[PDB]
Amino acid sequence: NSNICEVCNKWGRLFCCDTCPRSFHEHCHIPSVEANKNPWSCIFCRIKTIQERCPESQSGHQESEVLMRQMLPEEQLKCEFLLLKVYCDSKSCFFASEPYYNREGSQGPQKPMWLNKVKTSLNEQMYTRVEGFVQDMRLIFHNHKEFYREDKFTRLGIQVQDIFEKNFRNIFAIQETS
Ligand SMILES: [Zn+2]
Ligand SMILES: [Zn+2]
Ligand SMILES: [Zn+2]
């Protein structure tokens, strides 16, 4: 197996996947690495299995249909993996913990949002449809863009949003378009 965490790229107390060579810190994996289970399969492996079981699940889909899906176990897992993919980028540090807003010429957002809050919300089964998860994720980046206005720091939101959106289109097999 790898000797660094797949998400944060640091060594430490790592748990190894039994079906691929990836490794994770306990709370870097989503969901948090399960207490027992031998063998253990990581979230990348569990997603691959879903695809292999139902090859047709990779045919193109309309976003509007994806968003209305209820959060049954497979959709819950897909949102966990998509959240994980965002944490995999080092620029996610900017969006992880609860923000605060005190900048001359800007007002803070009405509904602040951050990755660790989405993470908790997923863990607590608070989202009933895919749409709830995707709306909170997009709100993170939209709040950022709106607050930082013309500061070049706004680009960090564009950058991590692009990682989110590309992974959303891949995981949920959104029909390709120009
Ligand atoms: Zn880690
Ligand atoms: Zn694995
Ligand atoms: Zn099938």
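Sequence positions, counted from 1, serve as the residue numbers for this chain. In listed order, ligands and their atoms are each counted from 1. The figures that follow rest on heavy atoms only: side chains count, while hydrogens, waters and symmetry mates do not.
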- Task: Decide whether a cation-pi geometry holds between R13 and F15; the criteria are a distance under 6.0 Å from NZ or CZ to the six-membered ring centre and an angle within 45° of the ring axis.
- Result: yes

- Message: At a cut-off of 2.8 Å, what protein N/O/S atoms sit near the Zn ion (ligand 2)?
- Response: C17 SG, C20 SG, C42 SG, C45 SG

- Are any side-chain N or O atoms of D18 and backbone N or O atoms of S41, one a donor and one an acceptor, separated by less than 3.5 Å? no

- Item | Whether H144 and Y148 hold their rings parallel, tilted or perpendicular, with breakpoints at 30° and 60° | tilted

- Task: Just say parallel, tilted or perpendicular for the rings of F141 and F164, cut-offs at 30° and 60°.
- Result: tilted

- Item | Carboxylate-amine/guanidinium proximity below 4.0 Å for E165 and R138 | yes

- Message: Quick test of your reading of the model: are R69 and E65 salt-bridged, counting only N-O distances below 4.0 Å?
- Response: yes

- Query: When you draw lines from the Zn ion (ligand 3) to SG of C54 and to OE2 of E56, what angle lies between them, to the nearest 10°?
  - Reply: 130°

Close side-chain approach of [X] to [Y], heavy-atom, < 4.5 Å:
X    : Y    : answer
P21  : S2   : no
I140 : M113 : yes
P109 : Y101 : yes

- Message: Let's test this: below 2.8 Å, count the protein N/O/S atoms around the Zn ion (ligand 1).
- Response: 4

- Message: Are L83 and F94 linked, directly or through intermediate hydrophobic residues, by side-chain heavy-atom contacts shorter than 4.5 Å (ILVMFWY only)?
- Response: yes

